[PDB]
Amino acid sequence: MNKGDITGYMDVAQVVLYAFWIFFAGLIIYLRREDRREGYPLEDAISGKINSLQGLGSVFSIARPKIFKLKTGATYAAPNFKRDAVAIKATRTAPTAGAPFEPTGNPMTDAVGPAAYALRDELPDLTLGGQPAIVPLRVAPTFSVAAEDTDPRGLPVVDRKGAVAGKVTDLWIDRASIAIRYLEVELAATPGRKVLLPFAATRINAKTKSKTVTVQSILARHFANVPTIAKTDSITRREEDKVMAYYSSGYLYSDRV
Amino acid sequence: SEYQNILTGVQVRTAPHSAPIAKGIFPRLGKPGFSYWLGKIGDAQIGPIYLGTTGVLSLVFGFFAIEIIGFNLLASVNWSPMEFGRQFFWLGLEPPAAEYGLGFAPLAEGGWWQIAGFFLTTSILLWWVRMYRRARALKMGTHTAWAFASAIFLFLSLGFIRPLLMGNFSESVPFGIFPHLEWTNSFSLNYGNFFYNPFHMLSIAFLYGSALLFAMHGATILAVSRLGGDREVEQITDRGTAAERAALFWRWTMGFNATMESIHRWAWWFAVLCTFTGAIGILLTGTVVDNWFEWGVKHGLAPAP
Amino acid sequence: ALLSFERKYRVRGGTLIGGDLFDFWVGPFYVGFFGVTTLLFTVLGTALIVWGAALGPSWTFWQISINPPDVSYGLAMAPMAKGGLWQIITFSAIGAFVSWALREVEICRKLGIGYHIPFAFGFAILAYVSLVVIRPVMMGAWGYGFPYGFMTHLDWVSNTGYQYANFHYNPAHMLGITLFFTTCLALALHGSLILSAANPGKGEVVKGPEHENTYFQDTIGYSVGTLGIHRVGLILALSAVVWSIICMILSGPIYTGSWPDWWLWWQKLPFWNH
Amino acid sequence: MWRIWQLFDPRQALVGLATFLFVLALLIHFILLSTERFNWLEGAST
Amino acid sequence: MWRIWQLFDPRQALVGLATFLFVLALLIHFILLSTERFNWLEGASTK
Amino acid sequence: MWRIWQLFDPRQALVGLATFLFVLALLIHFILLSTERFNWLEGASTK
Amino acid sequence: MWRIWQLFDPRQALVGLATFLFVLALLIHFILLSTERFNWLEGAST
Amino acid sequence: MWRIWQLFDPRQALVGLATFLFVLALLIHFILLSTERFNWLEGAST
Amino acid sequence: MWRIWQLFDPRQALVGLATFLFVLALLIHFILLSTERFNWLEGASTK
Amino acid sequence: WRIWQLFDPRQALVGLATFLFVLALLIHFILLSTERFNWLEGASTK
Amino acid sequence: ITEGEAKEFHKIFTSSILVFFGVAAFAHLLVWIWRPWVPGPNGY
Amino acid sequence: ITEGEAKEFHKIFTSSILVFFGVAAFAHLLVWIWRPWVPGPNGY
Amino acid sequence: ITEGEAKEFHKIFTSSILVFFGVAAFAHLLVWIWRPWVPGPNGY
Amino acid sequence: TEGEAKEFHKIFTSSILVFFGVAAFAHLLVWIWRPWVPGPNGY
Amino acid sequence: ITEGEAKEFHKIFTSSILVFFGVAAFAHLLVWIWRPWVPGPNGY
Ligand SMILES: CCCCCCCCCCCCCC(=O)OC[C@H](COP(=O)(O)OCC(O)COP(=O)(O)OC[C@@H](COC(=O)CCCCCCCCCCCCC)OC(=O)CCCCCCCCCCCCC)OC(=O)CCCCCCCCCCCCC
Ligand code: 07D
Ligand code: 07D
Ligand code: 07D
Ligand SMILES: CC[C@H]1c2cc3[nH]c4c(c3C)C(=O)[C@H](C(=O)OC)c4c3nc(cc4[nH]c(cc(n2)[C@@H]1C)c(C(C)=O)c4C)[C@@H](C)[C@@H]3CCC(=O)OC/C=C(\C)CCC[C@H](C)CCC[C@H](C)CCCC(C)C
Ligand SMILES: CC[C@H]1c2cc3[nH]c4c(c3C)C(=O)[C@H](C(=O)OC)c4c3nc(cc4[nH]c(cc(n2)[C@@H]1C)c(C(C)=O)c4C)[C@@H](C)[C@@H]3CCC(=O)OC/C=C(\C)CCC[C@H](C)CCC[C@H](C)CCCC(C)C
Ligand SMILES: COC1=C(OC)C(=O)C(C/C=C(\C)CC/C=C(\C)CC/C=C(\C)CC/C=C(\C)CC/C=C(\C)CC/C=C(\C)CC/C=C(\C)CC/C=C(\C)CC/C=C(\C)CCC=C(C)C)=C(C)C1=O
Ligand SMILES: COC1=C(OC)C(=O)C(C/C=C(\C)CC/C=C(\C)CC/C=C(\C)CC/C=C(\C)CC/C=C(\C)CC/C=C(\C)CC/C=C(\C)CC/C=C(\C)CC/C=C(\C)CCC=C(C)C)=C(C)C1=O
Ligand SMILES: CCCCCCCC/C=C/CCCCCCCC(=O)O[C@H](COC(=O)CCCCCCCCCCCCCCC)COP(=O)(O)OC[C@@H](O)CO
Ligand SMILES: COC(C)(C)C/C=C/C(C)=C/C=C/C(C)=C/C=C/C(C)=C/C=C\C=C(C)\C=C\C=C(C)\C=C\C=C(C)\C=C\CC(C)(C)OC
Ligand SMILES: [Cl-]
Ligand SMILES: [Fe+3]
């Protein structure tokens with residue numbers, strides 16, 4: 001029956017469906033442009049020169065830089081076209097572009113693989129009030145652990161093999177998100193040395209009365225090499241990245257190093 | 001086992017606070033509370049809520065609609081509380097029959113449904129203005145209101161816009177638990193199996209894709225949560241190793257990746273397109289395609305019967 | 001080619017099996033041993049699907065359909081032309097999906113991230129395995145599996161639902177639906193909030209966690225926060241799948257009647273069974 | 001028995017009691033409206 | 001038995017007990033209203 | 001066996017035990033109401 | 001020829017090979033059970 | 001065999017047993033109620 | 001043979017074994033109840 | 001003698017026990033599906 | 001709660017529960033007189 | 001919990017179970033007199 | 001787990017499994033006497 | 001260590017030989033009951 | 001894996017594959033005698 005027809009065979013529902021397919025293809029192009037605001041252009045794996053297999057859609061592939069305005073009055077561009085140095089403290093196992101790298105030295109201190117981090121700003125994340133967000137409870141007297149929970153302070157810090165790394169001496173809290181981000185651990189060896197421990201790299205074990213912070217990521221010997229921070233009461237985004245990357249590398253490297 | 005970051009073991013407390021907005025006619029209502037179990041999943045603060053003129057309007061219109069429905073349901077069991085509970089899921093308020101067109105039917109013959117539907121519609125559209133204006137008050141983008149507009153477009157298509165195209169309310173949706181399910185069943189059968197409606201197929205693909213994306217994205221951010229990945233807007237404005245490793249996991253897995261910002265555009269568009277393509281599939285049904293299986297046979301979805 | 005930050009992460013190690021032999025990349029893709037076995041099962045199963053299309057009556061993509069054996073075969077292996085093809089494709093698909101999950105584990109190991117993604121994908125695999133293995137085994141015939149075809153799997157859904165009079169009345173199916181709708185709602189809200197904070201509008205500075213929490217406190221009186229929403233969004237999607245699996249293990253293996261008639265227990269409760 | 005007001009806050013007590021009594025009263029009037037004998041608005045005969 | 005008030009707070013006990021006994025009583029009256037014999041408001045005969 | 005109270009908190013134990021025994025009792029009365037023979041409110045004949 | 005076992009690790013090879021040979025053997029026995037002539041358990045006449 | 005209580009926590013043993021044994025007992029009573037011969041409440045003839 | 005308890009934890013071994021054996025026992029009793037010959041609750045004749 | 005120099009003896013036991021149980025369970029269920037070898041139904045060799 | 005405070009509450013509780021049971025027992029008696037709820041062999 | 005306190009609770013608990021089981025046994029006896037629940041060979 | 005602990009566990013385990021198999025063996029014997037589970041050529 | 005693995009081999013080689021022995025006896029009994037290779041006429 | 005270990009392995013492996021193929025070849029011969037698997041023009 002003639003109701004929907006546009007031609008002998010063509011009809012409105014079919015036309016509306018192809019109009020959707022045209023829209024959806026255009027949307028995928030838009031979405032893929034947004035996906036390319038970090039990391040692009042692509043580079044040759046060996047030389048690091050800007051190269052990749054590209055069609056004529058290359059001309060629409062990467063968007064003009066959008067500018068984010070930060071409440072400090074600084075800005076961030078995306079794409080910024082900044083890229084990592086071509087040289088790293090590792091070498092390929094075979095000369096082909098697809099080959100993996102082997103670390104030249106200690107990968108955890110050389111910051112390669114899961115020990116690698118981004119060169120974030122040497123600035124702390126800020127509260128809406130402009131104060132640094134992540135600070136020890138020593139400096140945030142209005143914060144407290146909820147009365148229902150175990151306070152980590154004074155607990156021993158223990159690795160997966162049962163060696164004591166130290167004791168918890170402070171909590172670093174995020175004033176903006178209202179959460180514990182790090183524990184500040186005084187080391188058992190070189191007593192008086194303090195290191196940050198990412199709180200999500202821990203759990204509290206309380207099956208036995210002398211409850212303890214267990215750390216699966218790294219062994220007790222690795223705590224002495226945890227990256228240091230420049231200030232005693234604030235931490236930059238770069239220092240956060242450096243510390244968190246170090247512990248994330250433990251699952252691959254801690255039985256090597 | 002390492003910490004999987006599914007529940008917050010130790011959670012902190014502080015004085016409740018919130019971002020400033022300009023003074024209105026109504027302050028933020030309620031004393032902020034805290035609950036321990038919400039603090040395990042997420043933030044503990046059962047904070048104050050903003051009212052405002054648009055909030056008053058939406059709740060008043062919506063309350064009247066809910067009362068008109070609820071009173072009609074209880075009247076349909078002759079006010080018995082026992083039969084109300086016994087029959088609750090089966091109770092419904094029905095639209096008018098087709099002979100009334102789009103004019104006001106008698107109250108008992110779907111006039112109450114028309115009033116309830118109008119008041120519910122108005123309340124929802126006022127809630128859209130609320131979702132919009134709360135973003136502008138916070139100097140935030142209006143993305144949430146425009147996502148909500150797609151859900152509303154399906155709701156309006158079901159309840160009013162297709163009736164307007166059909167010239168009567170008889171195939172509009174009844175207010176009732178099993179009744180609106182029965183409407184969904186009968187609508188598919190009357191128009192020749194909704195599986196053959198390609199816009200229902202699209203709507204399903206985006207419904208499945210939404211659960212796919214949230215499973216992928218939720219698992220991704222938790223996988224990088226020991227690297228600070230849950231701090232997404234900070235990662236958007238200063239790319240950390242968490243955003244780098246999230247990108248590389250997907251690139252190495254499937255050959256391509258998003259950014260920390262653009263994955264939220266993929267999320268936004270998939271959920272929007274579920275209801276948008278849904279609404280189009282409803283508006284084409286009976287207006288230009290009377291039997292979707294027969295349309296499918298014409299366009300090669302099935303062999304000729 | 002590589003992303004501007006990729007090279008420093010492309011280190012050796014993290015493989016579950018096979019050692020160094022497979023530990024390399026083909027363009028953007030990581031290989032590994034489970035990459036190879038992914039390709040093995042993928043090519044086999046795909047070519048067998050195309051073979052089934054060549055055997056069947058049409059090349060119209062929508063109409064192509066590889067069907068399980070007749071229920072009369074029970075759980076025996078059928079002849080290739082009589083449903084055995086569907087059986088080989090099914091177990092090749094299992095091999096492919098399991099290989100894909102284990103390959104993701106190797107990528108997680110290399111990047112030092114948690115295993116949440118392959119774990120979450122394991123619920124997709126379990127849902128597929130429930131429909132093509134567990135349910136038909138408990139029902140005693142491979143012929144209860146869904147056919148591999150663009151429209152014919154939707155026909156199987158239709159036939160299977162109406163076998164129980166009206167599938168909307170399955171209580172686990174109602175809960176599965178609720179969680180799927182809630183997942184799409186939560187995804188719409190989550191995508192919108194991050195974009196509204198990152199894109200406040202021209203002449204406005206990027207907003208942070210306090211604004212993000214304040215928007216949902218102002219609108220709906222609660223905020224789950226930036227970590228909680230990813231926990232919730234994951235749990236919602238996985239729970240929707242779990243209840244979908246339950247709704248199908250109920251329908252046929254356990255409960256065989258009309259789902260509308262199941263609800264009559266409610267009307268018979270003694271405090272209102274007048 | 002007056003010591004119950006040392007045990008419980010009168011403000012909470014009266015709000016709870018007023019809510020309870022209203023909902024109970026409304027329930028009973030709805031029950032009666034559903035009967036044949038006691039629906040005063042329909043007024044069936046005895 | 002007075003030592004049970006060393007085990008339990010009287011404030012909590014009374015609120016819990018009041019809630020329990022009301023719900024129990026409401027359940028029993030609704031059960032009786034579902035019977036032919038004991039629905040006093042409808043008053044079927046004892047044939 | 002008084003050493004049970006050195007294993008288990010009597011307060012928690014009594015709350016759990018009372019909750020269990022109520023739910024069990026309530027189940028058994030509802031089971032009997034479902035039978036012909038033991039539904040005392042309907043009172044079928046022992047033919 | 002033994003240099004192959006320095007190029008391919010015997011731990012990896014024998015696990016992969018045993019897994020491969022089992023799956024292949026299992027496939028072939030199930031194919032034979034699919035047939036009339038070679039289903040030894042049902043044992044139809046020739 | 002008392003060493004088993006150094007191996008397993010007695011408090012978990014009792015809570016585990018009580019849970020297991022109740023669920024098992026309740027299962028068996030419901031199984032018997034599903035039979036003509038042993039459903040004592042219906043009391044069919046032998 | 002006792003060196004197996006150096007290789008495997010006594011605690012997990014007994015728990016895993018008891019779990020395995022109970023599931024296997026339930027499986028066999030339910031299989032027998034599916035048969036006519038061995039369903040002792042139904043008790044069909046050996047015709 | 002030497003295969004344990006190539007493979008972890010714990011992994012050998014855990015894998016082999018799981019493999020042998022699943023294989024045994026499969027074969028018993030295969031036999032139950034036959035007429036000739038289902039011992040619990042005990043069809044005649046007609 | 002002190003020992004004496006417990007003993008004092010127990011006094012008021014004991015009278016209250018006995019009054020509650022006393023009213024309930026009278027209500028059950030009146031209902032039994034109206035229609036008893038234990039059926040004979042012939043039913044009701 | 002100290003031994004004397006555990007023994008004090010056990011004394012009252014022991015008394016309570018005896019009352020509870022005593023009342024329940026009396027209830028079951030009356031129900032058995034009304035309608036017994038173990039059927040004979042012909043059933044009920 | 002020490003050598004002595006392992007050997008002591010092995011002693012208790014060996015006795016327990018032997019008892020468990022002994023009870024099960026008697027259970028199978030009683031079931032076999034009632035209804036054997038190996039059919040003859042003509043079936044059961 | 002190799003001697004520690006060598007005494008594992010002693011336990012292995014003995015434990016498989018009883019396992020295969022019990023299985024071989026089970027297969028022999030099943031064959032005596034009902035053989036599982038059909039003749040030309042079938043079973 | 002040292003050169004003496006690789007030569008040790010190659011000897012054991014080469015014997016093992018020949019034993020595996022030898023058993024398989026005898027199994028195939030037994031099956032062929034029982035029921036051959038190449039049909040004639042008129043089938044089986
Ligand atoms: C053997 C088994 C094979 C199973 C089937 C597999 C299908 C997919 C093919 C997978 C293999 C592709 C390999 C490849 O392209 O490598 C390029 C790379 C050299 O490249 P390069 O130098 O590094 O430069 C590349 C770069 O410039 C390209 O730009 P960019 O980096 O921004 O993006 C990367 C691409 C990569 O894409 C892929 O690899 C495939 C993506 C997945 C396609 C899946 C299609 C089917 C699903 C439905 C589609 C739906 C489309 C709409 O990223 C993309 O293109 C991503 C596009 C994403 C669009 C998402 C849309 C979602 C919508 C969902 C549906 C909603 C419905 C309502 O190669 C080399 O280095 C040399 C060595 C390898 C040569 C490869 C030769 C060809 C292999 C073909 C394999 C056999 C295929 C049958
Ligand atoms: C339209 C202007 C211009 C034009 C010359 C051009 C033409 C073609 N492109 Mg393209 N494209 C252009 C621009 C551009 N392009 C892409 C991408 C991709 C990827 C994945 C996206 C996909 O799902 O596409 C969806 C469709 C979209 C985006 C529209 C262009 C493609 C069409 C109409 C071809 C569709 C027909 C097929 C038989 C299927 C092709 C294969 C797959 C999708 C796997 C995929 C392989 C692809 C295929 C092709 C083909 C076969 C052609 C032919 C026939 O000429 N294009 C995106 C990407 O990530 O690239 C790595 C992306 O960013 C981007 C940009 C900006
Ligand atoms: C026999 C049944 C038959 C069968 C063939 C089949 C089967 C399946 N289908 Mg379908 N369906 C059938 C019929 C049919 N199907 C749909 C729709 C869909 C979409 C909904 C998207 C959405 O988000 O909805 C949900 C969103 C809505 C409805 C819009 C947002 C809601 C709003 C604004 C309301 C706000 C609420 C308040 C303020 C509260 C007020 C209070 C009170 C009133 C008391 C979704 C993708 C989808 C999924 C599947 C699957 C997975 C299957 C499987 C596996 O079989 N189906 C709707 C539509 O869009 O159709 C194009 C629609 O109308 C319609 C019909 C009539
Ligand atoms: C007449 C039909 C009748 C009607 C009344 C009705 C209606 C509705 N229902 Mg329904 N339904 C009916 C029958 C019926 N219903 C379901 C199911 C559902 C679920 C589906 C999602 C899910 O399960 O995802 C389970 C997810 C799986 C199975 C995951 C599969 C994917 C995997 C492993 C990965 C695959 C990957 C590749 C192959 C790679 C390819 C290559 C490249 C991309 C390069 C969901 C909750 C649901 C929704 C609704 C709605 C919204 C409606 C509306 C609006 O009316 N229904 C199915 C299920 O539970 O399955 C476990 C099931 O089988 C079944 C039946 C037979
Ligand atoms: C993109 C598609 C998905 C989507 C998106 C979506 N939904 C949304 C949004 C978005 C982006 C919102 O912004 C909005 C929201 O607020 O989310 C938190 C909303 C929303 N989605 C909703 C529901 C919903 N969404 C659904 C689905 C979907 N939503 C899709 C999957 C579904 C279903 C069936 O799948 C439902 C049911 C709501 C929770 C919410 C919109 C709320 C709204 O409009 O409320 C209007 C007001 C009322 C109903 C009245 C309430 C009255 C009270 C009882 C008053 C009591 C107090 C008062 C003071 C008394 C006064 C008495 C006097 C007058 C006498
Ligand atoms: C469990 C929660 C949700 C979920 C999660 C999820 N899915 C995932 C992941 C996660 C977390 C991944 O990491 C993984 C991924 O890589 O995502 C990009 C994946 C994935 N989810 C996918 C799809 C998908 N997920 C779905 C659903 C869901 N996925 C759930 C809603 C659906 C539905 C409902 O329809 C689909 C189609 C893929 C994009 C991807 C897995 C890719 C993969 O396994 O690749 C290797 C295999 C191949 C390339 C092809 C193998 C081909 C086979 C040999 C034959 C298959 C034939 C088939 C049986 C029949 C087809 C006919 C149809 C018409 C029925
Ligand atoms: C924090 O925010 C996050 C981001 O980041 C910042 C993200 O990005 C994402 C990710 C999300 C998005 C980017 C959004 C878009 C995604 C979706 C909408 C989801 C749906 C996805 C798709 C539609 C894409 C589907 C594509 C898939 C599954 C990939 C298909 C590809 C293959 C099967 C090939 C795999 C390759 C392998 C195994 C190895 C390499 C091989 C080849 C390149 C080709 C074949 C091989 C050869 C040519 C040679 C080698 C072959 C061998 C050795 C074998 C030979 C033998 C044979 C038999 C073949 C998320 C979640 C996120 O939260
Ligand atoms: C960057 O990070 C971000 C955050 O932080 C900064 C965030 O915070 C959020 C925001 C997200 C959340 C706060 C939580 C999201 C969680 C979910 C979607 C899953 C669970 C569901 C909800 C929390 C409900 C969502 C809806 C809400 C809160 C209502 C919004 C509307 C109003 C307040 C006004 C109108 C509606 C009202 C008054 C009530 C609506 C009804 C319900 C909520 C359901 C009530 C239940 C029933 C009717 C019963 C149904 C069931 C029945 C009958 C049978 C079973 C019985 C039961 C009792 C269930 C996001 C997205 C985010 O990106
Ligand atoms: C001219 C004379 C010859 C001399 C030159 C010869 C040599 C050069 C040839 C190169 C072409 C082949 C490589 C193709 C990949 C090259 C890279 C690529 O993506 O190209 C696009 C086509 O991709 C692709 O089709 C990739 C396709 C991959 C998947 C193919 C599957 C085929 C099999 C299943 C089919 C049925 C499925 C079922 C259908 C229902 C086209 O560009 P386009 O700008 O958009 O790129 C996006 C980018 O530019 C954005 O930055
Ligand atoms: C007071 O105490 C309480 C709250 C307990 C009272 C009781 C309340 C209860 C129990 C309420 C129960 C409500 C239920 C069970 C509701 C179920 C609702 C469902 C499932 C609804 C599902 C879908 C409905 C849809 C999509 C309907 C849409 C209708 C629309 C959009 C209609 C619009 C109509 C218009 C605009 C009419 C225009 C015509 C005019 C009025 C202009 O001229 C006639
Ligand atoms: Cl956890
Ligand atoms: Fe996010």
# chains A, B, ... in the order shown; residues from 1 in each chain; ligands from 1
$ residues_around --residues "segment 4-13 of chain I" --least-positions-apart "5" --cutoff "8 Å" --atoms "only C-alpha atoms" --output "ChimeraX atom specification"
/H:7-8 /J:10 /M:1-3,6,9-10
$ write_last_selection --atoms "N, CA, C and O atoms" --output "PDB file, in the first residue's frame"
ATOM      1  N   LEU H   7      43.426 -25.728  64.006  1.00  0.00           N
ATOM      2  CA  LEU H   7      43.408 -25.480  62.568  1.00  0.00           C
ATOM      3  C   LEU H   7      42.256 -24.559  62.161  1.00  0.00           C
ATOM      4  O   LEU H   7      42.455 -23.610  61.395  1.00  0.00           O
ATOM      5  N   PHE H   8      41.048 -24.817  62.662  1.00  0.00           N
ATOM      6  CA  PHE H   8      39.877 -23.996  62.366  1.00  0.00           C
ATOM      7  C   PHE H   8      39.377 -23.258  63.601  1.00  0.00           C
ATOM      8  O   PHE H   8      39.309 -23.826  64.695  1.00  0.00           O
TER       9      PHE H   8
ATOM     10  N   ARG J  10      53.987 -28.578  42.021  1.00  0.00           N
ATOM     11  CA  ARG J  10      52.672 -28.171  42.514  1.00  0.00           C
ATOM     12  C   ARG J  10      51.689 -27.968  41.369  1.00  0.00           C
ATOM     13  O   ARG J  10      50.543 -28.429  41.430  1.00  0.00           O
TER      14      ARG J  10
ATOM     15  N   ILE M   1      54.503 -24.783  57.658  1.00  0.00           N
ATOM     16  CA  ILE M   1      54.223 -26.118  58.173  1.00  0.00           C
ATOM     17  C   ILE M   1      55.520 -26.919  58.273  1.00  0.00           C
ATOM     18  O   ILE M   1      56.198 -27.140  57.270  1.00  0.00           O
ATOM     19  N   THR M   2      55.863 -27.353  59.484  1.00  0.00           N
ATOM     20  CA  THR M   2      57.074 -28.130  59.698  1.00  0.00           C
ATOM     21  C   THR M   2      56.888 -29.577  59.237  1.00  0.00           C
ATOM     22  O   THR M   2      55.774 -30.047  58.993  1.00  0.00           O
ATOM     23  N   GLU M   3      58.017 -30.280  59.111  1.00  0.00           N
ATOM     24  CA  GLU M   3      58.000 -31.723  58.876  1.00  0.00           C
ATOM     25  C   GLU M   3      57.173 -32.461  59.926  1.00  0.00           C
ATOM     26  O   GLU M   3      56.368 -33.339  59.596  1.00  0.00           O
ATOM     27  N   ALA M   6      53.452 -31.595  59.396  1.00  0.00           N
ATOM     28  CA  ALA M   6      52.965 -32.307  58.217  1.00  0.00           C
ATOM     29  C   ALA M   6      52.752 -33.792  58.491  1.00  0.00           C
ATOM     30  O   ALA M   6      51.738 -34.367  58.080  1.00  0.00           O
ATOM     31  N   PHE M   9      49.659 -34.137  60.767  1.00  0.00           N
ATOM     32  CA  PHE M   9      48.475 -33.990  59.919  1.00  0.00           C
ATOM     33  C   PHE M   9      48.226 -35.246  59.094  1.00  0.00           C
ATOM     34  O   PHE M   9      47.096 -35.740  59.021  1.00  0.00           O
ATOM     35  N   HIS M  10      49.275 -35.771  58.459  1.00  0.00           N
ATOM     36  CA  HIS M  10      49.140 -36.978  57.648  1.00  0.00           C
ATOM     37  C   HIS M  10      48.613 -38.163  58.448  1.00  0.00           C
ATOM     38  O   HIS M  10      47.858 -38.985  57.917  1.00  0.00           O
TER      39      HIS M  10
END
$ select_by_dssp --residues "segment 22-239 of chain C" --states "strand (DSSP E)" --output "PyMOL selection string"
chain C and resi 25-26+29-30
$ residues_around --residues "residue 30 of chain N" --least-positions-apart "2" --cutoff "12 Å" --atoms "only C-alpha atoms" --output "PyMOL selection string"
(chain J and resi 31+36-37+39) or (chain M and resi 38-39) or (chain N and resi 23-28+32-36)
$ calpha_fit_rmsd --fixed "chain O" --moving "chain K"
0.7 Å
$ residues_near_ligand --ligand "ligand 2" --cutoff "6 Å" --atoms "only C-alpha atoms and all ligand atoms" --output "list in words"
residues 25, 28, 29, 32, 56, 57, 60 and 61 of chain A
$ write_last_selection --atoms "C-alpha atoms" --output "CSV table (one decimal), in the first residue's frame"
chain,number,residue,atom,x,y,z
A,25,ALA,CA,29.3,8.6,10.3
A,28,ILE,CA,32.2,9.1,14.6
A,29,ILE,CA,34.4,11.5,12.7
A,32,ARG,CA,37.6,10.4,16.6
A,56,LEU,CA,42.8,11.5,2.9
A,57,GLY,CA,40.8,11.7,6.1
A,60,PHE,CA,40.1,16.1,9.2
A,61,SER,CA,41.8,13.8,11.6
$ residues_near_ligand --ligand "ligand 5" --cutoff "8 Å" --atoms "only C-alpha atoms and all ligand atoms" --output "PyMOL selection string"
(chain B and resi 56+58-66+120+123-128+131+144-152+207+268+271-275) or (chain C and resi 178+180-186+188-189+192+216+219-220)
$ residues_around --residues "residue 95 of chain C" --least-positions-apart "5" --cutoff "8 Å" --atoms "only C-alpha atoms" --output "list in words"
residues 37, 38 and 41 of chain C
$ interface_residues --of "chain B" --to "chain D" --cutoff "10 Å" --atoms "only C-alpha atoms" --output "list in words"
residues 74, 75, 77, 78, 79, 80, 81, 82 and 83 of chain B
$ interface_residues --of "chain D" --to "chain K" --cutoff "12 Å" --atoms "only C-alpha atoms" --output "list in words"
residues 1, 2, 3, 4 and 7 of chain D
$ interface_residues --of "chain E" --to "chain B" --cutoff "10 Å" --atoms "only C-alpha atoms" --output "JSON list (two decimals) with N, CA, C and O atoms, in the first residue's frame"
[["chain", "number", "residue", "atom", "x", "y", "z"],
["E", 30, "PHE", "N", -5.93, -8.15, 59.27],
["E", 30, "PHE", "CA", -6.06, -8.35, 57.82],
["E", 30, "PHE", "C", -6.27, -9.81, 57.42],
["E", 30, "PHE", "O", -7.01, -10.09, 56.47],
["E", 33, "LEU", "N", -10.00, -10.45, 58.16],
["E", 33, "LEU", "CA", -10.81, -9.85, 57.10],
["E", 33, "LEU", "C", -10.76, -10.62, 55.78],
["E", 33, "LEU", "O", -11.67, -10.47, 54.96],
["E", 34, "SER", "N", -9.73, -11.44, 55.55],
["E", 34, "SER", "CA", -9.71, -12.29, 54.37],
["E", 34, "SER", "C", -10.56, -13.55, 54.50],
["E", 34, "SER", "O", -10.85, -14.19, 53.49]]
$ decode --residues "segment 215-226 of chain B" --atoms "C-alpha atoms" --output "mmCIF file, in the first residue's frame"
data_model
loop_
_atom_site.group_PDB
_atom_site.id
_atom_site.type_symbol
_atom_site.label_atom_id
_atom_site.label_comp_id
_atom_site.auth_asym_id
_atom_site.auth_seq_id
_atom_site.Cartn_x
_atom_site.Cartn_y
_atom_site.Cartn_z
ATOM 1 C CA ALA B 215 31.424 -1.613 32.083
ATOM 2 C CA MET B 216 34.544 -0.762 30.044
ATOM 3 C CA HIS B 217 34.900 2.767 31.452
ATOM 4 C CA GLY B 218 34.078 1.899 35.061
ATOM 5 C CA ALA B 219 36.565 -0.977 34.985
ATOM 6 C CA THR B 220 39.154 1.254 33.270
ATOM 7 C CA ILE B 221 39.034 4.078 35.839
ATOM 8 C CA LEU B 222 39.181 1.566 38.698
ATOM 9 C CA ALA B 223 42.129 -0.169 36.990
ATOM 10 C CA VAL B 224 44.022 3.165 36.977
ATOM 11 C CA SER B 225 42.620 4.320 40.345
ATOM 12 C CA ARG B 226 45.930 3.570 42.122
#
